[PDB]
Amino acid sequence: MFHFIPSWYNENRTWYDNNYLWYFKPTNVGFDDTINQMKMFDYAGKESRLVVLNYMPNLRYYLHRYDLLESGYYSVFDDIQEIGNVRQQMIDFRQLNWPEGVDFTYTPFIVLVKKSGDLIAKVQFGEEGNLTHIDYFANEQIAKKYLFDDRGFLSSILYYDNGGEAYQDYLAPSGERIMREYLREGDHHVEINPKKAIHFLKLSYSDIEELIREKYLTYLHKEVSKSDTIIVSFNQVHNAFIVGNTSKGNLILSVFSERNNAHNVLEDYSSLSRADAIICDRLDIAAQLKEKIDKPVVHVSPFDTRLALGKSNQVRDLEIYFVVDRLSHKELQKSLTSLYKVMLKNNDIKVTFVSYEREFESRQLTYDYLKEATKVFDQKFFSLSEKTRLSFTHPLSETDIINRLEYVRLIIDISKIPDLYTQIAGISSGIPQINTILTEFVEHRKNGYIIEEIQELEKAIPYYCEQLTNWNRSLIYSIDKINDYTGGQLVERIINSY
């Protein structure tokens with residue numbers, strides 16, 4: 001069997017929850033090499049399990065999002081916290097033991113719990129709508145944060161004082177405290193409940209990682225057979241105790257350009273020399289690796305098969321999905337001009353402007369500018385709220401993007417740094433992409449079109465929207481590349497490279 005170790009860490013507190021507010025998701029949290037690889041090992045019929053090292057109270061919804069909830073997992077923190085096979089509960093925050101007489105203010109984003117004008121709490125909901133945490137206040141200042149597991153029990157409480165974060169108590173579903181992790185400058189040490197010391201080598205750890213190393217090495221000892229393979233998400237936060245201690249079985253290192261600094265990879269001789277094989281998502285990185293060490297380096301393009309393929313054949317609209325992030329105002333101007341021209345020539349073309357920027361006021365300014373710059377064309381079909389053919393949207397999650405791309409004909413991202421997930425969705429859906437730069441994702445005139453100047457949109461958009469033969473070449477190109485990934489041949493190539 002195959003043990004996958006992901007890197008789904010928190011940027012500012014490695015071993016903590018990576019969850020985000022439902023309305024404020026970072027663009028770099030989400031689909032990655034571990035998801036892609038576990039799916040294809042699943043498609044390939046391999047036995048595999050996920051080994052999660054950081055605190056993940058929302059893990060089951062997270063896995064459900066990638067059709068992996070059934071894939072099997074071990075969670076270090078689940079083990080620590082004695083969670084076991086807990087009965088799932090659906091927490092309705094309205095039925096908690098609030099102080100008598102609180103009132104609820106429903107905003108478009110959260111619920112305020114107040115008592116005669118005094119803030120008691122802020123209630124936060126997950127992407128799937130489940131209660132994730134409550135910020136609990138005293139004298140208008142946060143006092144503690146209740147963190148709820150998606151199985152519907154209280155997982156931990158983060159206490160505050162003057163001075164900010166103080167410490168975090170991690171609980172079992174009974175409410176019993178298993179351990180306390182301090183959060184102050186110069187003090188991140190961990191205290192185990194003395195009644196649980198039986199299960200631990202120490203009562204007091206210097207930091208949370210020391211305990212995580214201990215739990216991992218126990219997993220390695222008990223659960224990895226000599227004939228098993230560990231597939232490790234390359235990360236300096238855990239390579240040393242995962243790869244350094246790797247004598248038990250086979251090892252594959254996975255290098256993912258969104259996460260990994262190539263220089264850091266190429267410098268870690270000790271990790272690379274212990275790999276039986278290396279995977280990465282990029283051909284240039286693969287080449288540097290093959291240059292520097294004699295190891296099998298297998299290129300695995302990061303397909304996301306949740307995307308639907310080719311459904312735009314079933315609509316009369318020819319919907320363009322146009323990413324506006326990182327474009328300057330003058331680039332938006334030049335773009336609107338060409339979009340107007342192709343749209344007067346083709347009444348079926350519609351344009352959805354797409355902003356992935358989570359910051360509210362930045363997005364508002366981009367929308368405000370787009371509205372004003374369209375007003376000048378003096379035409380109702382070319383306006384932003386005879387009906388209009390322009391819209392502006394801000395997808396909140398990969399699921400939004402996936403839904404928004406279902407019937408899309410053409411992807412346009414013409415900035416110098418095109419959005420990565422959008423590119424992945426492109427090769428995963430067959431939707432052709434227009435870029436101004438070369439990428440590993442697009443072969444010119446095969447599944448996309450590289451324009452040298454923005455006015456070349458006036459050529460590139462008809463090339464895929466009105467000449468049907470070019471669009472089907474792109475769908476067919478994707479379908480075959482897709483199948484090296486669904487068909488199991490890539491997995492077998494990885495496996496037999498050692």
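In this chain, numbering begins with 1 at the start of the sequence shown.
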So, the side chain of [X] versus the backbone of [Y]: is there a donor-acceptor pair under 3.5 Å, distance only?
X: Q81; Y: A172; result: no
X: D317; Y: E319; result: no
X: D17; Y: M56; result: no
X: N10; Y: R13; result: yes
X: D413; Y: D419; result: yes
X: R259; Y: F234; result: yes
X: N54; Y: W8; result: yes
X: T388; Y: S383; result: yes
X: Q89; Y: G152; result: yes
X: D281; Y: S257; result: yes

Can you give me the closest heavy-atom contact between [X] and [Y], atom names plus distance?
X: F31; Y: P302; value: CE2-O, 3.4 Å
X: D150; Y: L59; value: OD2-N, 3.3 Å
X: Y407; Y: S312; value: O-CB, 3.2 Å
X: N193; Y: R177; value: ND2-O, 2.8 Å
X: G426; Y: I411; value: CA-CD1, 3.9 Å
X: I431; Y: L405; value: CD1-O, 3.3 Å

What donor-acceptor contacts under 3.5 angstrom involve side-chain atoms of residues 112-122, with partners at least two apart or in another chain?
unit_1, atom_1, unit_2, atom_2, d
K115, NZ, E100, O, 2.4

How many angstroms lie between atom [atom1] of [X] and atom [atom2] of [Y], to the nearest 0.5 angstrom?
X: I134; Y: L147; atom1: CD1; atom2: CG; value: 10.5 Å
X: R389; Y: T352; atom1: CZ; atom2: OG1; value: 12.0 Å
X: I35; Y: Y62; atom1: CD1; atom2: OH; value: 5.5 Å
X: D228; Y: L251; atom1: CG; atom2: CG; value: 12.5 Å
X: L53; Y: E209; atom1: CG; atom2: CD; value: 9.5 Å
X: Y160; Y: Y167; atom1: OH; atom2: OH; value: 12.5 Å

Could you tell me whether [X] and [Y] have a side-chain N and a carboxylate O separated by less than 4.0 Å?
X: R363; Y: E359; answer: no
X: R184; Y: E165; answer: no
X: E398; Y: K25; answer: no
X: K375; Y: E372; answer: yes
X: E128; Y: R65; answer: yes
X: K196; Y: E176; answer: yes
X: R306; Y: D304; answer: yes

Around atom [atom1] of [X], are there more than 12 heavy atoms from other residues, nucleotides or ligands closer than 6.0 Å?
X: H199; atom1: NE2; value: yes
X: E223; atom1: CD; value: yes
X: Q314; atom1: CD; value: yes
X: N139; atom1: CG; value: no
X: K46; atom1: NZ; value: yes

[X] and [Y]: side-chain donor and acceptor closer than 3.5 Å?
X: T34; Y: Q37; value: no
X: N261; Y: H263; value: no
X: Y321; Y: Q433; value: no
X: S7; Y: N235; value: yes
X: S301; Y: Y485; value: no
X: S156; Y: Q168; value: yes
X: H238; Y: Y9; value: yes

**Message:** Quick one, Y170 with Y55, criterion ring pair (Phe, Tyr, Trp, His ring centres under 6.0 Å). Give me CA distance, side-chain angles, the key distance, then yes/no.
**Reply:** CA-CA 10 Å; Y170 298 75; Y55 181 54; 4.9 Å; yes
**Request:** Apply the test ring pair (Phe, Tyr, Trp, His ring centres under 6.0 Å) to residues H394 and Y356: give CA-CA distance (whole Å), side-chain angles for both, the deciding distance (0.1 Å), then the verdict.
**Result:** CA-CA 6 Å; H394 167 54; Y356 299 126; 7.8 Å; no
**Item:** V123 and its side chain to side chain contact (heavy atoms under 4.5 Å, CB included) partner, picked from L131, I110, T132
**Value:**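 When side chain to side chain contact (heavy atoms under 4.5 Å, CB included) is applied between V123 and each of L131, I110, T132, only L131 qualifies.
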**Asked** Within a strict 4.5 Å, meaning less than it, do heavy atoms of the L220 and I230 side chains meet?
**Response**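 The answer is yes; the side chains approach within 4.5 Å.
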**Message:** If you define the side chain from C-beta out and look only at heavy atoms, does anything of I482 sit under 4.5 Å from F303?
**Reply:**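 Answer yes - side chains close enough.
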For [X] and [Y], I'd like to know if the aromatic rings sit close, meaning centre-to-centre distance below 6.0 Å.
X: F41; Y: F4; answer: yes
X: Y146; Y: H133; answer: no
X: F104; Y: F93; answer: yes

Hey, can you pull the donor-acceptor pairs under 3.5 Å for the side chains in residues 68-78, sequence neighbours left out?
unit_1, atom_1, unit_2, atom_2, d
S71, OG, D42, OD2, 2.8
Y73, OH, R60, NH1, 2.9
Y74, OH, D79, OD2, 2.7
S75, OG, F77, N, 3.4
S75, OG, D78, N, 3.0
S75, OG, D78, OD1, 3.4
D78, OD1, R151, NH2, 3.1
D78, OD2, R151, NH1, 2.9
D78, OD2, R151, NH2, 3.2

**Message:** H3 vs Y219, test: ring pair (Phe, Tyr, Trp, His ring centres under 6.0 Å). Steps then yes/no.
**Reply:** CA-CA 11 Å; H3 313 258; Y219 177 89; 5.6 Å; yes
**Asked** Among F392, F360, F353, which residue meets the ring pair (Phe, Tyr, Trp, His ring centres under 6.0 Å) test with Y367?
**Response** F392
**Message:** Would you call the rings of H189 and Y182 parallel, tilted or perpendicular, taking 30° and 60° as the class edges?
**Reply:** parallel
**Prompt:** Once the angle between the rings of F241 and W15 is folded into 0 to 90°, is it parallel (under 30°), tilted (30 to 60°) or perpendicular (over 60°)?
**Reply:** tilted
**Request:** Begin with the C-alpha distance, continue with both residues' side-chain angles, and end with the deciding distance and a verdict on side-chain contact (heavy atoms from CB on, under 4.5 Å) for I278 and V298.
**Result:** CA-CA 6 Å; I278 298 157; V298 177; over 6 Å; no
